[PDB]
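Position 1 is the first residue of the sequence, and the numbers go up from there.
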Amino acid sequence: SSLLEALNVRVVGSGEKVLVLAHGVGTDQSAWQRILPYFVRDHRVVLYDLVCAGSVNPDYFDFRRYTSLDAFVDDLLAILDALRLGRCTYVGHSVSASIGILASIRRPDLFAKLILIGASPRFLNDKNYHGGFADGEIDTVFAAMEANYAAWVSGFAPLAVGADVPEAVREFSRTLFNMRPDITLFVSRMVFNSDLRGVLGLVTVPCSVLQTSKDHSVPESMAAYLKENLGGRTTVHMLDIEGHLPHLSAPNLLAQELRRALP
């Protein structure tokens, strides 16, 4: 159950151009805090928290509804329809890249462009498809998270940040610790098992695939896979930034690439 205030939707900035900044699992909209300065001067920047963000009242997280990314797409589309700001450029990091992809195929009218950071249509390896994870790989990760959430965060946040950026590890550790562990585990499992490869061809809006350097969850070959399989006009931008969270670890460089990717 996700309302406009429930997901902490905020519109900051000025300008007719609308930018949507959509964070991934483990953080909230504060993940974008350092990127906002680069766009509020000429964008009305739409931010919101995924239902799973620690900044959202966990009672709003319905376990029987959020069994697929589609319910997340419902929230995103409900927000853009609630805001009624019209055509917008959507920036989706990780799961929010998948959410934006699925949202654009339902409502291509809403999105002038998709900017996809840390995007993967499927983490599991498959037939000639390398997602980056074998069958047994993620089990130990979900095990550590359920067994000792704090020890898991202490390891996962520096891995997710990648580069030695203590402020990024701090911010990501914080938002991870703000999430109820059963929600983190449930969403991470749901998101990890999602497979969007079959709908990439249905995308019609153009996409910018911002591929980050050393992503524990996204191989570099994923950028080319998304280019080949996304159905719209797709440009790949291989980020110099290392790590799954370039918006946290190198916001100025990321913002530069983000600005360049805008329509």
Answer yes or no: is there a side-chain heavy-atom contact under 4.5 Å between [X] and [Y]?
| X | Y | answer |
| --- | --- | --- |
| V25 | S94 | no |
| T67 | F186 | yes |
| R197 | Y225 | yes |
| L248 | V165 | no |
| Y90 | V46 | no |
| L80 | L85 | no |
| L69 | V191 | yes |
| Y129 | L124 | no |

Side-chain heavy atoms nearer than 4.5 Å, only ILVMFWY residues, links allowed to pass through others: does that put [X] and [Y] together?
| X | Y | answer |
| --- | --- | --- |
| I117 | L253 | yes |
| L21 | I101 | no |
| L47 | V20 | no |
| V199 | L226 | yes |
| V95 | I79 | yes |

[Y] backbone acceptor or donor facing [X] side chain under 3.5 Å:
| X | Y | answer |
| --- | --- | --- |
| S208 | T235 | no |
| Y149 | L176 | yes |
| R44 | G13 | no |
| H23 | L50 | yes |
| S98 | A119 | no |
| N229 | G201 | no |
| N178 | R174 | yes |
| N125 | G131 | yes |
| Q211 | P219 | yes |
| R107 | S104 | no |

Ion pair present between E171 and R34, side-chain N to carboxylate O less than 4.0 angstrom?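 A salt bridge is absent here (no side-chain N lies under 4.0 Å from a carboxylate O).
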One pair to check against side-chain contact (heavy atoms from CB on, under 4.5 Å): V56 and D28. What are the steps and the verdict? CA-CA 9 Å; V56 171; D28 53 34; over 6 Å; no
To the nearest 0.5 angstrom, please state how far the [atom1] atom of [X] sits from the [atom2] atom of [Y].
| X | Y | atom1 | atom2 | value |
| --- | --- | --- | --- | --- |
| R259 | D42 | CZ | CG | 4.0 Å |
| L116 | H237 | CG | NE2 | 10.0 Å |
| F133 | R122 | CZ | CZ | 12.0 Å |
| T89 | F111 | OG1 | CZ | 10.5 Å |
| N252 | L258 | CG | CG | 11.5 Å |
| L36 | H247 | CG | NE2 | 11.5 Å |

Specify the closest pair of heavy atoms between [X] and [Y], including all atoms of both residues, with the distance to one decimal.
| X | Y | value |
| --- | --- | --- |
| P58 | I183 | CB-CD1, 3.9 Å |
| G118 | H244 | O-CE1, 4.1 Å |
| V169 | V161 | N-CG2, 3.5 Å |
| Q29 | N8 | NE2-O, 2.8 Å |
| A71 | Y66 | CB-CD2, 3.5 Å |
| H216 | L159 | CB-CD1, 3.6 Å |

Check the surroundings of atom [atom1] in [X]: do more than 12 heavy atoms from other residues, nucleotides or ligands lie under 6.0 Å from it?
| X | atom1 | value |
| --- | --- | --- |
| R233 | CZ | no |
| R10 | CZ | no |
| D126 | CG | yes |
| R87 | CZ | no |
| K17 | NZ | yes |
| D81 | CG | yes |

Mind telling me whether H93 and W32 have parallel, tilted or perpendicular rings, with 30° and 60° as the class edges?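 Perpendicular, since the angle between the ring planes exceeds 60°.
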Please determine whether side-chain contact (heavy atoms from CB on, under 4.5 Å) holds for the pair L239 and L254, giving the CA-CA distance in whole Å, both sets of side-chain angles, and the decisive distance to 0.1 Å. CA-CA 8 Å; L239 289 169; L254 188 278; 4.1 Å; yes
Charged tip of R180 within 45° of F61 ring normal and under 6.0 Å: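 That pair does not qualify as a cation-pi contact.
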Please say which of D75, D74, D62 ends up in a side chain to side chain donor-acceptor pair (under 3.5 Å) with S2.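 The passing option is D75.
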Go through the steps for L110 and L77 under the test side-chain contact (heavy atoms from CB on, under 4.5 Å), then give the verdict. CA-CA 9 Å; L110 287 179; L77 295 179; 3.5 Å; yes
Does any pair with a residue in residues 160-169 pass side-chain hydrogen bond (donor to acceptor under 3.5 Å, both in side chains), and if so which ones, sequence neighbours excluded?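 Output for this query lists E167-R170.
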Residues which pass ring pair (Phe, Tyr, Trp, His ring centres under 6.0 Å) with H43, listed by chain and number, not counting sequence neighbours: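 Per chain and number, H43 pairs via ring pair (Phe, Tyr, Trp, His ring centres under 6.0 Å) with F39.
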Tell me, with the steps shown, if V141 and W152 meet side-chain contact (heavy atoms from CB on, under 4.5 Å). CA-CA 8 Å; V141 177; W152 169 77; 3.7 Å; yes
